[PDB]
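For reference, the structure is listed below as structure tokens.
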Amino acid sequence: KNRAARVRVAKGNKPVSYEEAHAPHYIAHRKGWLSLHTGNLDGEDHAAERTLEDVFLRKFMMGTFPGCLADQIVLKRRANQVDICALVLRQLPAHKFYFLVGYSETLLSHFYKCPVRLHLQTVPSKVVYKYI
Amino acid sequence: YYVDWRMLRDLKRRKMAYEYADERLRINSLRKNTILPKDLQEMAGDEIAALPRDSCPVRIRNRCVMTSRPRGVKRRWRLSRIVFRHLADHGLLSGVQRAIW
Amino acid sequence: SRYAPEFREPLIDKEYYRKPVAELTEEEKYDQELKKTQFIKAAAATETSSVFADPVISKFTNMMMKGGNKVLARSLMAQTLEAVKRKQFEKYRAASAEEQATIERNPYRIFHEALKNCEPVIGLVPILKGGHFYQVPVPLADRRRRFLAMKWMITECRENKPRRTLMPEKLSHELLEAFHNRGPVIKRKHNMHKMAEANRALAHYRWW
Amino acid sequence: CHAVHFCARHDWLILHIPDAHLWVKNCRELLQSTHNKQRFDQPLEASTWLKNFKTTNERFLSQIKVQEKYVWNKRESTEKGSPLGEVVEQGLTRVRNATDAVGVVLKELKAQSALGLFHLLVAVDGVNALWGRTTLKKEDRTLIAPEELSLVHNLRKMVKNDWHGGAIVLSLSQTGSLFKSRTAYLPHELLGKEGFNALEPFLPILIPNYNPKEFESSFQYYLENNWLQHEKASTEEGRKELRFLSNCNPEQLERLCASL
RNA sequence: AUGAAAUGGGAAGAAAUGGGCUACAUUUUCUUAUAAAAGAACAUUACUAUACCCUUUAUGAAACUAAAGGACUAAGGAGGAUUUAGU
Ligand SMILES: [K+]
Ligand SMILES: [Mg+2]
Ligand SMILES: [Mg+2]
Ligand SMILES: [Mg+2]
Ligand SMILES: [Mg+2]
Ligand SMILES: [Mg+2]
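These protein sequence lines are chains A, B, C and D, in that order. Read in order, the letters of the first sequence correspond to residues 315 to 446 in this note's numbering. Read in order, the letters of the second sequence correspond to residues 11 to 111 in this note's numbering. Read in order, the letters of the third sequence correspond to residues 644 to 851 in this note's numbering. Read in order, the letters of the fourth sequence correspond to residues 1267 to 1526 in this note's numbering.
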């Protein structure tokens, strides 16, 4: 049996999002890619550095927004610009988000020497694709 | 902190080979030819031997940057097969999909 | 297979299509109309309307081919037919007018009548009854009877020949000897039949 | 071979080289030459040619007579005036001198032909071998060149137009040629730059494929001898099929009909 | 110190067994072409070692590694019970 990235069946009480529901073989078929850069295209360089930066950027956002992330973040690289698009629950006060956005942008722009912007779409609660 | 002590030794091997690259190039050039007297080549053969062993660039091993696994690594991403599959199977690698054909 | 079960085997008979409509039996006439609404398999690379194409000889060629070397296997068959035509022309020229009449100089007709002389009517199937191997007389189909004659020829020549003799020289010498009912391939048929008489009473064990 | 028959019947002296590729490959005995130590001697190749040259020109081997003295060995020599047959006889008797008897024969006939005693047809088939490459190796495992060989060197003189009293008939053959493509037939492609310059000015005679009249004549000849034994061969659809597969090429038609 | 670092070593069978490679050749061997065709070879060393050994070259600081030649030849003459794969 294959176990990779597969949320298993229980008794029909486990909420799963659209991203979680689909196993790896649905990548490029039903669900797209969370990161979009040019480093895995044919004849392109610096794939290892884009991949390492993404791993860190995901751990950073999880810790900086603990319990406030509704789904996995989406990373979009254009030129030297980095764009982080995160679905965030409406738990924290509004002014706290403005603090964490200013902090997380400045800190990650001085760490990777690129302009980094954070895009936050607030949801009332996690969106459930199906109950499995 | 690096992943383990094996990755730490490799990092030092990579930083000492960079310092001695020009030196080991200039000396080794004197040996890889047939135009110079063999006495000079025999003496250059020992000057290169006297350099520290960690300067030698064949003692570098490519290890997974995240788990320090010596074998199973893919050179384009610098990750082991186990670590690569975790990022790929979750949609986190840009443009990597499963191969159905 | 890449062909769906709804595909039909092609019919590569030139005269069949050009026959007058009235000359065709209504059964054949019906099939042609049906085939107009069906899918037809593409013809094989070796399937042609050539007047010189013989299915029996083409099949014998494929049973000699090794590792997909069709050029070599076809060359060996071409050399064999020629070696048989040249062997009968020598005999015909060096024979009296009376003897000349009997001599057959068609290699294609020597091959067909040779094979038919080697075909066995009955074969044997190996059976293990009560932990003992018994072979029961069987009646051979038209397909099994033809296969065995060609298989027995290609095996006598491949193995039981001198080291420096060549297949066009052993096969030609065997087609002609079978054509006269004297060869070792004919002897294999005689042994198979004789054994069936020995096991005549053991056909009951058949379950198929 | 048609020209060699015409001259043979008019009492010409036939110098017919059946295949010239055989002298630049697959030699199992390659000695050195006393006349010139640089050159090599092919004993078996020369001996076979002499035996055939003797048969064809046996009549003229007594009339023609040597104009010089040839010392085969310390104990054996040819006195001036003796019949040319003696030179041929010694070559067959003593294989060591075979490659040199040939050279004497070629030299004598070329010189004496101008005297009006006889005509000389130099018929070399496969002439492109002379000015090409070889597949023979020296004791150092180094490939030899055509000029080095004794038989090749002598022949290159006979195909020159510096004599008179005869005609030279040459033929090109890519079959058996070394280091030439399968689809090369034109004179420069096969002869090369060295071979072309050697033979010019020459008269090129194109041998094409069977024309419609020639194809039918060849088809009827096979039917006249009962060669085409297949039942469908005599029919109009058989003939048309053989015309397509052969493409009117004489060799392809002969091979296809052989199996049929 | 069961932690850290340095230097030098981590051997050996030829013995059983699993898998693979190559060969035992004539539908073959070598050469040119190109798998067409031709010329030679074809049993005592003909077919035939990617072993041992001997040279040269490539990588490296290190050849113990790999490749390319050279000789040298051994065994091998289509493999018992049994067994693998292919629609
Ligand atoms: K073993
Ligand atoms: Mg650890
Ligand atoms: Mg390494
Ligand atoms: Mg071939
Ligand atoms: Mg040998
Ligand atoms: Mg070196």
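Ideal placement from N, C-alpha and C gives every residue a C-beta, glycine not left out.
In the structure shown, B:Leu46 falls within a coil segment according to DSSP collapsed to helix, strand and coil. For D:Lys1320, there is no enclosing beta strand (DSSP E); the residue is found in the alpha helix (DSSP H) stretching over 1309–1322. Taking a 10 Å sphere around the C-beta of B:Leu46, we find fewer than 16 other C-beta atoms and assign the residue as exposed. Comparing alpha-carbon positions, the option among A:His360, A:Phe413, A:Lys444, A:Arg391 lying closest to A:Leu371 turns out to be A:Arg391. Shortest Cα-Cα distance from D:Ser1313 to any of D:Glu1460, D:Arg1325, D:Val1361 involves D:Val1361. Here the segment 721–730 of chain C makes contact with the segment 742–758 of chain C; the two share three or more CB pairs at distances below 8 Å. Chain B has a Cβ within less than 9 Å of the Cβ of A:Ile341. Beta-bridge partners of D:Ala1433 (DSSP): D:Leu1387.
Only residues of its own chain outside the window of five on either side were considered, and among them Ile1280 have a CB closer than 6 Å to the CB of D:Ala1274, listed in chain order. At a C-beta separation below 9 Å, D:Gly1504 has these neighbours in chain C: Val694, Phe695.
For the 9 Å CB-CB criterion, A:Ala400 and A:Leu383 form a contact. DSSP, reduced to helix, strand and coil, places A:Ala400 within a strand of the structure shown.
In terms of Cβ geometry, D:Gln1333 and D:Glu1295 do not form a close pair [threshold 9 Å]. For A:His336, the secondary structure class from DSSP, reduced to helix, strand or coil, is coil. With 16 or more neighbouring CB atoms inside 10 Å of its own CB, B:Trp87 falls in the buried class. Boundaries of the beta strand (DSSP E) around C:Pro769: 765–771.
Just so you know, the alpha carbons of A:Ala337 and A:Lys410 end up roughly 35 Å apart. Interface flag for A:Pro329 against chain B is unset, since no Cβ pair is found closer than 9 Å. The criterion of a C-beta distance shorter than 9 Å is not satisfied by A:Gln435 and A:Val396. Counting the other Cβ atoms within 10 Å of the Cβ of C:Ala821 gives 16 or more, which makes it buried. For A:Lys373, the nearest beta carbon of chain B is not closer than 9 Å to its own beta carbon.
Contact between the segment 1339–1353 of chain D and the segment 1394–1412 of chain D is not established, with fewer than three Cβ pairs separated by less than 8 Å. Residue-level contact by beta carbon holds for D:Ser1525 and chain C, with a gap shorter than 9 Å.
A:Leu389 is positioned such that its CB atom lies closer than 9 Å to that of A:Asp368. Counting the other CB atoms within 10 Å of its CB gives D:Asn1463 a total below 16, which places it among the exposed residues. Taken in chain order, the whole alpha helix (DSSP H) runs of length 4 or more contained in the segment 1338–1370 of chain D are 1350–1359.
Under the three-state reduction of DSSP, B:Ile58 is assigned to helix.
Taking 9 Å as the cut-off, the Cβ atoms of C:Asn760 and C:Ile700 do not count as close. At a Cβ-Cβ threshold of 9 Å, D:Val1354 and D:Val1337 do not count as neighbours. Summarising the contact set, residues whose Cβ lies nearer than 7 Å to any heavy atom of ligand 3 are, in chain order, B:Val68, B:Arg71. The beta carbon of C:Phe754 lies closer than 7 Å to those of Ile700, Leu818 in the same chain, with the five residues before and after it left out.
Taking 9 Å as the cut-off, the beta carbon of C:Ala721 is found no closer than this to the beta carbon of C:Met707. Taking the Cβ of B:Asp14 as the reference point, at least one heavy atom of ligand 2 falls within a distance shorter than 8 Å. Within chain D, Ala1524, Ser1525 have C-beta atoms less than 7 Å from the C-beta of C:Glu725, given in sequence order. Using a CB distance cut-off of 9 Å, D:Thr1501 counts as an interface residue toward chain C.
By the neighbour-count criterion, in which 16 or more other beta carbons inside 10 Å mark a residue as buried, C:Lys672 falls on the exposed side.
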